[PDB]
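In this text, residue positions in the sequence shown follow our numbering: the first is 1, and each later residue adds one.
Here's the structure we're looking at; comments come further down.
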Amino acid sequence: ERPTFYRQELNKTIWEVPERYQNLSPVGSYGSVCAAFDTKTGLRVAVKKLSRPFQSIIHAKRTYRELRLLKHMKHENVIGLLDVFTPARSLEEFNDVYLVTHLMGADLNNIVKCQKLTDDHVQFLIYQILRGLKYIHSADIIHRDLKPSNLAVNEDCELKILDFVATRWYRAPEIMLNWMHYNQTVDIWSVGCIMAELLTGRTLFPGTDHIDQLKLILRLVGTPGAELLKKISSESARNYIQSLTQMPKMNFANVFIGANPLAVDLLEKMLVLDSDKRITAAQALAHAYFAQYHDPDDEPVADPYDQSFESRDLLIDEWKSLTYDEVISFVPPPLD
Ligand SMILES: Nc1ccc2c(NC3CC3)nc(-c3ccccc3)nc2c1
Ligand SMILES: OCc1cccc(OCc2ccccc2)c1
Ligand SMILES: OCc1cccc(OCc2ccccc2)c1
Numbered sequence: 001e002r003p004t005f006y007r008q009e010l011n012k013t014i015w016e017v018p019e020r021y022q023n024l025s026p027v028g029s030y031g032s033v034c035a036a037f038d039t040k041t042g043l044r045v046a047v048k049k050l051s052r053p054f055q056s057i058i059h060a061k062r063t064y065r066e067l068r069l070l071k072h073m074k075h076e077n078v079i080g081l082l083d084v085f086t087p088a089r090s091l092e093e094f095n096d097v098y099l100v101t102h103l104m105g106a107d108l109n110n111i112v113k114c115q116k117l118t119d120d121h122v123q124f125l126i127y128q129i130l131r132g133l134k135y136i137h138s139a140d141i142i143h144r145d146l147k148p149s150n151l152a153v154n155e156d157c158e159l160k161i162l163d164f165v166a167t168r169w170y171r172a173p174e175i176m177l178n179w180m181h182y183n184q185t186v187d188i189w190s191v192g193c194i195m196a197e198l199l200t201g202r203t204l205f206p207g208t209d210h211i212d213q214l215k216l217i218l219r220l221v222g223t224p225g226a227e228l229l230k231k232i233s234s235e236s237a238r239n240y241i242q243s244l245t246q247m248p249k250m251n252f253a254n255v256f257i258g259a260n261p262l263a264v265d266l267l268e269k270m271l272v273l274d275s276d277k278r279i280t281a282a283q284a285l286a287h288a289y290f291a292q293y294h295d296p297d298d299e300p301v302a303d304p305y306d307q308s309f310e311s312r313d314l315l316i317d318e319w320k321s322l323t324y325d326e327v328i329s330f331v332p333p334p335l336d
């Protein structure tokens with residue numbers, strides 16, 4: 001029951017895709033993505049060709065990870081899989097992997113780098129990020145790399161979180177300091193940085209390196225007090241922290257002058273240096289700032305996600321074969 005494939009060369013590489021996808025045209029370069037038209041649905045879609053999916057053990061595992069994560073995400077504010085295919089007829093000739101998802105208008109960098117945003121828009125966009133995160137977090141997945149370029153927004157201001165400017169600007173302070181045991185709330189920190197940027201047209205913490213970045217952070221949120229410092233396991237990290245000149249916590253209502261006071265309040269709750277005290281995604285959705293969008297009955301959580309594979313060390317052929325299994329067992333979504 002194989003579809004008919006067709007070949008073509010687009011700048012860099014070849015492309016071998018079922019006839020169902022038409023008028024492929026590049027959108028940029030981990031992999032490279034083409035805008036296509038999808039004849040089965042009439043929707044514009046993006047087809048990503050993975051670059052050398054099984055070049056190493058790491059690539060192999062990463063190809064598998066991404067396919068696993070994509071197959072699991074079924075939610076309005078998160079990128080989902082319309083299709084995955086290979087030109088291979090057998091495991092033995094399995095070498096190329098292509099992923100298909102909805103094409104979305106632009107990204108959040110292409111929306112904050114056009115104007116500021118008005119308050120009503122920021123509410124809607126941050127709301128949708130939080131609702132997508134609540135879902136992702138409920139599967140015990142941590143995004144880790146949230147930033148404007150990872151948020152796809154279309155012409156209707158609908159937002160989808162995806163994966164794949166500096167990443168550093170959005171990273172939680174615990175990650176910079178190399179804490180092994182950070183949790184989900186690293187993603188809340190990033191959301192906080194995103195929201196502030198949307199409200200001011202400015203990157204909140206545009207650090208030039210990780211040391212700068214921390215200095216910029218502590219300057220706003222203050223240096224750690226005693227209850228936090230007592231939870232820091234690394235002697236050297238604790239020293240860096242305690243040796244850098246003490247800074248006081250800033251009044252956010254002064255730093256975010258003229259912003260809505262409910263947005264200032266959310267921001268205070270998001271950008272807590274101590275990750276144990278940071279508001280979660282579920283809690284942030286019930287904050288007042290979102291009172292016109294919030295519905296506790298249309299804020300779904302995810303099915304369980306098995307990421308036991310993350311702790312496994314496998315051969316390149318075994319990661320590859322696990323990926324093949326997943327390409328074959330893929331069930332297309334309800335085409336509605
Ligand atoms: N329960 C917690 C809460 C917050 C923490 C935090 N926060 C960093 C100030 C941003 N950092 C660290 C840590 C541990 C080892 C090496 C480097 C950093 N641990 C934390 C443990
Ligand atoms: O995240 C997997 C994937 C698949 C195909 C394209 C892709 O990035 C391009 C893209 C373009 C427009 C909206 C969302 C993604 C990502
Ligand atoms: O990284 C967590 C996460 C959150 C939302 C979507 C998601 O899909 C993962 C992924 C998406 C696109 C390309 C590669 C991986 C992952």
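A virtual CB, placed ideally from N, CA and C, is assigned to each residue, including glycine.
Across the set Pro248, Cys34, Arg168, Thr39, the C-alpha of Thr39 shows the shortest separation from the C-alpha of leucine 335.
Nearest to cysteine 114 by alpha-carbon distance, out of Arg202, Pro300, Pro333, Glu235, is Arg202. Exposure of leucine 10 is indicated by the presence of fewer than 16 other C-beta atoms within 10 angstroms of its C-beta. Any heavy atom of ligand 3 counts here; residues with a Cβ closer than 6 Å to one of them, in chain order, are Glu66, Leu69, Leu70, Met73, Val78, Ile79, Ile136, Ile141, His143, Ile161, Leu162, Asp163, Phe164. With respect to the C-alpha of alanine 237, the residue from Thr200, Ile188, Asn178 having the closest C-alpha is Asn178.
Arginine 89 counts as exposed, since fewer than 16 other C-beta atoms from the protein chains shown sit within 10 angstroms of its C-beta. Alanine 226 has its CB no nearer than 7 Å to any heavy atom of ligand 1. Residue side-chain check: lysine 249 keeps its Cβ at 7 Å or more from all non-hydrogen atoms of ligand 1.
Here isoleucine 328 carries a helix assignment [DSSP, helix/strand/coil].
The beta carbon of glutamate 197 is closer than 8 Å to those of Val112, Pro148, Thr203, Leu204 in its chain, skipping five residues each way along the sequence. Annotated as proximal: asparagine 77 and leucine 159, with beta-carbon spacing under 8 Å. Counting only unbroken stretches of 4 or more residues, the alpha helix (DSSP H) elements lying wholly within the stretch 204-237 are 210-221, 226-229, in sequence order. For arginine 278, there is no enclosing beta strand (DSSP E), as DSSP gives it neither H nor E. Residue pairing by DSSP places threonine 118 in no beta bridge whatsoever. In this structure, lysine 49 has its beta carbon at no less than 7 Å from each heavy atom of ligand 2. Within the same chain, and ignoring the five residues on either side of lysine 249 in sequence, the residues whose Cβ sits closer than 7 Å to its Cβ are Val221, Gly222. The continuous beta strand (DSSP E) containing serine 32 extends over residues 31-38. Note that the C-beta distance between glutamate 299 and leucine 285 is below 8 Å.
The beta strand (DSSP E) runs of length 3 or more contained entirely in the stretch 92-167 are, from start to end of the chain, 98-102, 151-153, 159-161. Excluding the 5 residues flanking it on each side, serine 25 has same chain C-beta neighbours closer than 7 Å at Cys34, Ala35, in chain order. Taking 8 Å as the upper bound for CB-CB distance, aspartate 107 and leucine 151 are in contact here, some 6 Å apart.
Remark: the shortest separation between the CB of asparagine 178 and any heavy atom of ligand 1 falls under 7 Å.
One thing to note: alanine 172 has its Cβ within 8 Å of the Cβ of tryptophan 189. Around the CB of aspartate 295, fewer than 16 other CB atoms lie within 10 Å, so the residue is classed as exposed.
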